[PDB]
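Only one chain is included here, represented as structure tokens and corresponding to the form deposited without its partner chain.
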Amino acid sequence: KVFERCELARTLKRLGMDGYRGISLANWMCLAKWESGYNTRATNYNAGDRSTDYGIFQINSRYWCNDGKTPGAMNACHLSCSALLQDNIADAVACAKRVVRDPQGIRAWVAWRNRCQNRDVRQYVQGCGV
């Protein structure tokens, strides 16, 4: 599923992402935008280290979900990476919260640092009723 902007904003809010561990909804929107273009079926194989990024948040198989083909990988969200490719983003949201409970917080995603950090992300939630 390719979410429309405000549709995702409200979907993320209902799932409890607004202010989760101090991260505003706008930051999460900026993250999903740059990571997948709000596409839950998005995938990117990393030939360099044999890992794959899954879903709307492009969560990596090396540490967060199990796909059975990433060497010495971990599964911190304790989910099949397939759960990160559903139209329903509940599981991807549970896993994204898990990622941010770690020291780095939202900085876990390099794209967030590149395209969201210290930037005016207001535009991502404007007019969405959140």
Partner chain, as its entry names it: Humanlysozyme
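Numbering follows the first chain given and starts at 1.
- Higher mean CA temperature factor between 121-129 and 1-9: 121-129, per the PDB entry.
- Of the two segments examined, 59-67 and 22-30, it is 59-67 that shows the higher average Cα temperature factor in the deposited entry.
- Across the residues 102, 53, 91, 35, the deposited record lists the maximum Cα B factor for 102.
- Annotation for residue 74: C-alpha temperature factor in the highest third relative to the rest of the modelled chain, per the entry.
- For residue 81, the recorded CA B-factor ranks within the middle third of the chain. Only modelled residues enter the ranking.
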